[PDB]
Structures are given as C-alpha cells and as structure tokens.
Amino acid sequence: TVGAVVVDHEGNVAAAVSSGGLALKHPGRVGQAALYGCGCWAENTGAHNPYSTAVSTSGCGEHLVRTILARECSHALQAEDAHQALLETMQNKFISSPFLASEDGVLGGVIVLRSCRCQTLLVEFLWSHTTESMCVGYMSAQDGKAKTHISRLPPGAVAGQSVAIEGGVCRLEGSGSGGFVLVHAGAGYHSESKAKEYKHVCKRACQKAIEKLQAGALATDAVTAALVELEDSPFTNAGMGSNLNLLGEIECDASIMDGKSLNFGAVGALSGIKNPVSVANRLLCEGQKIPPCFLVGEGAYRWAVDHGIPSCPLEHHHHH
C-alpha cells in the first residue's frame, strides 16, 4: 500500500491511496484502499472544521476498514493539538478499537497533513504507524529538495501494539504557486536492503507532485502523479509488483479524494491497468463535470479502457 497527501498554495488538499491487497487473497477481495472513508480522506476547511485536512493509510487487511481510520483521523485533527489528536486516535480508535478486539495485533499507519491560513499557509504534517517501519518522503515547493525518512518503532516497542509518531511543521507563502506533499511507500516489516529504493521512490514521488503544483495543476492531479510514481516501483505492493492473489493474478484497489469539492473516485479488484490510481482520479475528474464514483472488476477495466487510460489486455483477466 502506497499513499500521498497534497496541499496547494491556497489550502486545497487532496489524498490518494493504492494497494495490491493481501497476498494469496481470494479473487474479488477488496480492502481499505478502495473504500470510502477508510483508505484516504480529504476535506477543506469549512464552517464545522477550521483546518483543511488530508489523510492516507498504510498497511493492509481489514483493520483499517473496520475502524474507518482515514476519516477518523481527519475528524480528530480538527482539535488544536494535531500531534496529540493523532496519537489518541491511533491508540484508542485503532489499536484499542472494540472492532478489532479478538485480533492479536493491529498493523497499519497513516500520513496526515492539515493546513490553515494565518496571506500565508501553515502546514502540519505527521506520520504514524504500528508496524515495525514506514517509509515517508515530504517536500514543499519552496524547499526544492525532497526529504525522505524511514520511521521505526523504538526499542521496547511491540509491533501491532505500540505506536510510533513523528512530524513537522511547514509555513508556505500562499502567494505564488507553491504547496507541500507527503508520501509513503508502505508500512510493514523493516528491510535494510531496498530501504534505499523505498526512500528514492518517495523522493521521486514528491518531486512529481511538486512539479505538478509548480505547473498550476490541481491538488488531485498532483497527488495522482505522486501515486503513479509509487505504484510503478516494483518494490511496492501497488500497481506493478502487486501481491498475487490465490489464482496468481493481480487485483488492485485505489482511491482518491478532493478536499475542495469533497468528491471521490475509487476502483476495486482492478486487473490489467498499469496505474490504478489513474482510473480513480479519472472517475473523480469526470464526476466534477449521477456519475459513478466506485467501479470494480471487469466493469472498472472496460471503463478505464474507454477513457484512454493505458491498459494491459495480457494482464487482464475476465473469468466467466
């Protein structure tokens, strides 16, 4: 599972997530990366909530679905202390949820950003996870150098039971064409090898999002360009290199949310398309112009092909 969250120079936020799902899963199994409220969330500031907030999840399985975690994090981040709010959410609504009571260990994570104007923009960004490790990258259009970091649980922590949480704060000039992106290449077991490859795909994903923002793109188009980069790494469980299901086939889940319009696009159990996030983003894009927001399986593939999204007929399965 890979993810990204973006804020543009106006405080418009977007979020997206993409995943291959569990290895050896039954065909047609859909997990959190496709599910509204669960895999990602983006919500601009409004009357009821003073921050623009964007959230994307990491890890896989049903833990992130049962707790509707991305939306839960977004709502908690309307409290003053963002760090305390996220930590409480991870401890109380994730690790100690009653929805995961008979579960021995809860494995997952989030990337978060929230912004507010003060004309300048204050951006707080955080990551948190209960896995051994998580790889993040982040970048603002002004700093012009992506930063990458491998977040680990400290000694004495217990994976699936302890929380790690880190973050930072960034002030932007909301005058030009700037913004900020935070991405993650996955949260799971530590891997000393390929650790450099996860950091470098996070660096490249941040750069693609920043370049889109610097060319005037919408936050949804910038967060999508970051996820395309993350998907395309053979080392991430999303897009190319996704875990194979029980029949040895690839089935991808992906979704995206726009904070300004609150519209959403998602695909589930999608095979034969190089970049599942591209279909979710196109579903969101066409909805802006009742249009569908969530397509699965054969229908999602045919819809993607009819909208000129690069396909793979040899990688597409249609059982009957």
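Note that residue numbering begins at 1 and tracks the sequence as displayed.
| Sequence continuity check, residue 118 and residue 119 (deposited residues unmodelled) | Count of unmodelled residues in between: 10 or more.
| Count class of coordinate-free deposited residues lying between the neighbours residue 289 and residue 290 | The entry leaves 4 to 9 residues without coordinates here.
| query | 244-252 versus 144-152: which one carries the higher mean Cα B factor per the record? | reply | Higher mean C-alpha B-factor: 144-152.
| Selected stretch [higher average CA B-factor]: 14-22 or 302-310 | Of 302-310 and 14-22, the stretch with the higher C-alpha B-factor average is 302-310.
| Selection by C-alpha B-factor (highest) of 268, 39, 259, 46 | Checking the PDB record, the top C-alpha B-factor among 268, 39, 259, 46 is at 46.
| query | According to the deposited entry, which of 219, 79, 136, 95 has the largest Cα B-factor? | reply | Result of the comparison over 219, 79, 136, 95: 79.
| query | Going by the entry, which third of its chain does the Cα temperature factor of residue 188 land in? | reply | Middle third of the chain for residue 188's C-alpha B-factor.
| query | Split the chain's modelled residues into thirds by Cα B-factor; is residue 83 in the lowest, middle or highest one? | reply | According to the entry, residue 83 has a C-alpha B-factor in the chain's middle third.
| Third of the chain, ranked by Cα B-factor, where residue 50 sits | It belongs to the highest third of the chain when residues are ordered by C-alpha B-factor.
| field | Third assignment of residue 28 from its chain's C-alpha B-factors | value | Lowest third, going by the recorded CA B-factors of the chain.
| field | Chain-wide C-alpha B factor ranking for residue 231, given as lowest, middle or highest third | value | Lowest third.
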